[PDB]
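Undergrad: sequence below, structure please.
(chains A, B, C, D, E, F, G, H and I)
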Amino acid sequence: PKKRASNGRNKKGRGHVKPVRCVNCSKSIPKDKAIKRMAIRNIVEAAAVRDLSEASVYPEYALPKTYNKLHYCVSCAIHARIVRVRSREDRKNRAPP
Amino acid sequence: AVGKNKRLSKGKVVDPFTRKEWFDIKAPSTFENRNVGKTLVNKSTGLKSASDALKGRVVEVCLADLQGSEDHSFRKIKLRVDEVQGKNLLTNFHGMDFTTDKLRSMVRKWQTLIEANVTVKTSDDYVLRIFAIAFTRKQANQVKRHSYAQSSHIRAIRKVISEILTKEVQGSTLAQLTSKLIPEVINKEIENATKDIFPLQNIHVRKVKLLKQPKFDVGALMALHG
Amino acid sequence: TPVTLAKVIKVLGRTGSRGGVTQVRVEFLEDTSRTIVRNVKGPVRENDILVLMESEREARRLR
Amino acid sequence: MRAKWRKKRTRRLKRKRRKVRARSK
Amino acid sequence: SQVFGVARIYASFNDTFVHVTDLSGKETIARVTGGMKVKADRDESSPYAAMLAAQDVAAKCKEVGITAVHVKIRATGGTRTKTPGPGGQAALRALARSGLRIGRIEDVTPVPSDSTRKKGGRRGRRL
RNA sequence: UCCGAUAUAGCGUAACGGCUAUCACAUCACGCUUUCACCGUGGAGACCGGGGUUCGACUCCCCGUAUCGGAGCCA
RNA sequence: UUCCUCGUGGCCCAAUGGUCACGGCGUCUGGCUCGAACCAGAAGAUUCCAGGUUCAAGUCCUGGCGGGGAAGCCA
RNA sequence: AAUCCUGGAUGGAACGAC
RNA sequence: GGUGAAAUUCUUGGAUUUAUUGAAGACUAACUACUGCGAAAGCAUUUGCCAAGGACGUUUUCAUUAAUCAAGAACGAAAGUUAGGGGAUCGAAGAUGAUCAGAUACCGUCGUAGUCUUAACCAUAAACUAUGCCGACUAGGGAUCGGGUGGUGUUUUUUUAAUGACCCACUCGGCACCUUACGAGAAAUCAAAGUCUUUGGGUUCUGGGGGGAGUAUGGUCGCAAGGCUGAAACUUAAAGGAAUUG
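TA: Numbers count the residues shown, from 1 in each chain, chains lettered A, B, ... in the order given. Coordinates below:
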């Protein structure tokens, strides 16, 4: 039976959405069914920053960051301990935590 | 990995750094600083004339390193070598560029991006492809969450920007244009010309590149380095 | 063949599929203010002392 | 068996019957 | 006072490259990979191996005359992961601890404008 | 007949006149894995044969055998 | 008919004149787990037959049995 | 009275029902 | 290098890597969304040209011309076919390295056809909202896209103006959405799947237990692959749907 209303995704009015490829499995998946996250992370870590500041000329420089939009497939997403699963009722919670 | 190699060679010591010498790199006069660093080459043997291998060398460096301020932090610059005179070799401008971190940080969703590009030439017969970028902004007093455009505003903006850059280039040779870039006055021209259409934050321009150089003309280059 | 002594300051938890291993964050005695995370084999408490045969390394934290 | 493959099988069979009947006709 | 080089750490999975150059990039120094310091084909990518490589090139640059360095961090990019490997940051920290000086870190991971094609098939790398 | 090269542990391979000699495979164990595999540590294992040079020959000189590849050929 | 070749544990296949003979599968016993798979282990040989050479023949030689291949043309 | 800051995961083999 | 681990492979002939150029062809990221357009498939760089189209506004015009549809006709993903062009990635087949009791399967490395384009065919699909089209009515709430109206509203200009972008209020049409059930339904669920035993607004297509079978045959279309149409004999008492507990 029908498990969801959007049926997996956010396609209402198109027919076609020009898919993408997963980063882990290289599987071809629509852009809307997919599961976009954004890994905006400081470059090195919260740890070695002290050594870097100590050893760096150009004090207070920036400690810049790394930005990338990651599309996972459903399979790899679950396997990676992400959106894992929810009960029949809290499926409908659309918001993040 | 260490002992994996079955064979070093299909069919079947000397240090190279004693063979080398250091060279001081000088930037033009459109910069508060000139001494950018150093470089390495081998000795000018009888058949090499190391200047030739050193001539087309390009170096990428930070505008903040060149101007002192960290306001010009991203703004990478590419400098081509064009002339040598006794270990203090000169350079000339070859191109600008942003940093990917800055670009990606500017890029956010629920705002519309705009990009323009022109292929204009100079008064000194240089040929540049200049790239411009802009982003919508959410006015204060605004409640609705995304602040997009209507795709005609965008075309008008692109037309405006293109004609602006063509104007501000024609009249500027190369270093005139460099001194126009550095203080980011073009950005102010853009915002003044476009505020009547749409808000447009983050009007930093983008990388710029050369396509065609004119003839060498030693004098124009030496005009910069005193 | 030098070493590096470090003092324990904070135990984090157990680790390893069989849980016979412990994560800890230490504080170097000499060159203090340096805090590195390591794995340990046997029983341990805070304020104990350990002997890094190499001080320049740390395991994947689990948190 | 999966209906896709059942159908494929039937198609190949029909090819064979077509040609063996064309041997005569 | 200082003299600068460029690091160009390429930290993929399956390996880690550290090879340091002059500001022009053409002239190189001390190219070393993680697999040159251990015998697995597995730990080629490991932080410890990258750390050892960084120690080695630190020694080489110091005996040459270099004191400062800029960092250009890179992953496989292209159609592939576009994220750095594990053995980048450890080596970074390692050459920092070795005695060198740092300036103007940056990532240059080659990102495309919707490139050709990513491999595996539309069904993916089943495993 | 000539030039050059090759013969090394059960297989294959590397070597400087200041060593009965290294390596991965093979085997004997020790390990580690639920087990299988994978993986790791210690061992036992060999300089084609023969003379010569040398404070010292795997290694250098001579000869011989076998193999390769190219030149050659008036009984 | 002639020539050439082969004959090895229940099957396939190997061997330097130098241990009543290498392997792989099969079989049997035990174990894990009910059976396969897997891990450990064992048993099984007059090397087709009859002669000879040799200190020593699975092999070296002759003869015999069987299998296989080639030739069996000119009119 | 001094005082700049952060979160992060890989993975082998495992037939059947008397 | 690639792997879970390895190997095939490339590697003193300099690989991998770094830098500078150059060529080719495909793609059009990040912006990119419970957003847009389109009859549907489907459509994303810029500029220019061509013609079209929906919505809104309208105290404009015609005057019932309309709705749905057998037959009939156009468009029709991908794969595929024919003939040229180009052929960089990826990659059915295939070749190989491993794993495995076996593995011509998953993994890895190569790799033709194809993937792109022009001319012509094919004419299907989970072509899915699995919900025919037209029309009316029936509960609330907000957000949003396009247009429109108003507001001494805010901001920007030349304090000022007109615009433009925001805010408030309202409205027409859209993609949709949250809550509720008065109702409906086998239930899941539904603002349409409601207004249907208190059974009838109009109209077209389709189904009558499961299998055999979308098979056979005959037609017709098609270069072919194949499509559309489409049985019976025989066989069986269960197949099946939604939900409950284990």
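
Undergrad: next, residue 18: secondary structure please.
TA: All of this refers to chain A. Following DSSP: H, G, I helix; E, B strand; the rest coil, we place residue A:18 in the coil state.

Undergrad: how about the one helix or strand residue B:37 maps to: buried residues?
TA: Element membership for residue B:37, per DSSP states H and E: strand B:35-42. By neighbour count on 16 or more other CB atoms under 10 Å in any protein chain shown, the buried set for strand B:35-42 is B:36-41. C-beta coordinates here come from the backbone N, C-alpha and C atoms, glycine included.

Undergrad: and what of stretch B:179-198?
TA: Within stretch B:179-198, the residues that qualify as buried are B:180-182, B:186-187, B:189-190, B:194, B:198, counting by 16+ other CB under 10 Å.

Undergrad: picking up where we left off before, anything in the strand holding residue B:37 near RNA strand I?
TA: No: using CB under 7 Å from any atom of the strand, strand B:35-42 stays clear of RNA strand I, coming no nearer than 11.4 Å.

Undergrad: other residues contacting the very next helix or strand once past that strand?
TA: Downstream of strand B:35-42, the first helix or strand assigned by DSSP H and E is helix B:51-55. Under the contact criterion CB atoms under 8 Å, 6 or more residues apart in numbering or on different chains, helix B:51-55 has outside partners B:23, B:39, B:41, B:44, B:81-82, B:84, B:89, E:26.

Undergrad: likewise for stretch B:1-13?
TA: If you take CB under 8 Å, 6+ apart as the criterion, stretch B:1-13 is touched by E:35-36, E:38-41, E:44.

Undergrad: which of these are buried?
TA: Buried, going by 16+ other CB under 10 Å: E:35, E:38, E:44, out of the contacts of stretch B:1-13.

Undergrad: which positions in chain A make contact with chain B?
TA: A:58, A:61-62, A:64-68 (CB under 8 Å from any CB of the partner chain).

Undergrad: as JSON lines, these with distance to residue B:153, secondary structure and neighbour count would be great.
TA: JSON lines is the format used below for the residues of chain A next to chain B (distance: CB to CB, whole Å; DSSP: H, G, I helix; E, B strand; the rest coil; neighbours: other CB atoms under 10 Å in any protein chain shown):
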{"residue": "A:58", "distance to residue B:153": "40", "secondary structure": "coil", "neighbour count": "16"}
{"residue": "A:61", "distance to residue B:153": "38", "secondary structure": "coil", "neighbour count": "17"}
{"residue": "A:62", "distance to residue B:153": "33", "secondary structure": "coil", "neighbour count": "15"}
{"residue": "A:64", "distance to residue B:153": "32", "secondary structure": "coil", "neighbour count": "20"}
{"residue": "A:65", "distance to residue B:153": "31", "secondary structure": "strand", "neighbour count": "14"}
{"residue": "A:66", "distance to residue B:153": "33", "secondary structure": "strand", "neighbour count": "19"}
{"residue": "A:67", "distance to residue B:153": "27", "secondary structure": "coil", "neighbour count": "17"}
{"residue": "A:68", "distance to residue B:153": "30", "secondary structure": "coil", "neighbour count": "18"}
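
Undergrad: and those residues near RNA strand I, which?
TA: Checking the residues of chain A next to chain B against RNA strand I by CB under 7 Å from any atom of the strand, the ones in range are residue A:67.

Undergrad: so can I have TSV of the residues of chain A next to chain B showing distance to residue D:7?
TA: As requested, these are exported to TSV (distance: CB to CB, whole Å):
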residue	distance to residue D:7
A:58	69
A:61	65
A:62	62
A:64	57
A:65	54
A:66	50
A:67	48
A:68	44
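
Undergrad: residue furthest from the geometric center of chain A?
TA: The centre of chain A is farthest from one residue, residue A:57, which by CA atoms, centre = their mean lies 34.9 Å away.

Undergrad: surely it is in contact with residue E:100?
TA: No: with contact defined as CB atoms under 8 Å, residue A:57 does not reach residue E:100; the gap is 10.5 Å.

Undergrad: chain E versus the residue nearest to residue A:33 when sequence neighbours are not counted, what's the distance?
TA: Closest residue to residue A:33 apart from its sequence neighbours, by CB to CB, 6 or more residues apart in numbering or on different chains: residue A:9 at 4.0 Å. Residue A:9 is 17 Å from chain E, where distance means CB to the nearest CB, to the nearest Å.

Undergrad: how many other residues sit next to residue A:9?
TA: 14 (other CB atoms under 10 Å in any protein chain shown).

Undergrad: contacting residues for it?
TA: A:30, A:32-33.

Undergrad: name the element the residue lying farthest from the centre of chain E belongs to?
TA: Distance to the chain centre peaks in chain E at residue E:123, reaching 32.0 Å (criterion: CA atoms, centre = their mean). Using DSSP H and E, residue E:123 is not contained in any helix or strand.

Undergrad: ok, the contacts of residue A:9 vs residue B:115, which is closest?
TA: residue A:32 (24.4 Å; CB to CB).

Undergrad: and the residue nearest the centre of chain C?
TA: residue C:38 (3.7 Å).

Undergrad: then chain A?
TA: Centre-nearest of chain A using CA atoms, centre = their mean is residue A:37, 1.8 Å out.

Undergrad: next, give phi and psi for it.
TA: Per-residue torsions, residue A:37: phi -120, psi 170 (degrees, to the nearest 10).

Undergrad: that one against residue A:76, yeah?
TA: No: Residue A:37 lies out of contact with residue A:76 (CB under 8 Å); the separation is 11.9 Å.

Undergrad: picking up where we left off before, restrict the contacts of stretch B:1-13 to those near chain B?
TA: Answer for the contacts of stretch B:1-13 near chain B (CB under 8 Å from any CB): E:35-36, E:38-41, E:44.

Undergrad: out of these, which is nearest to residue E:5?
TA: residue E:36 (19.7 Å).
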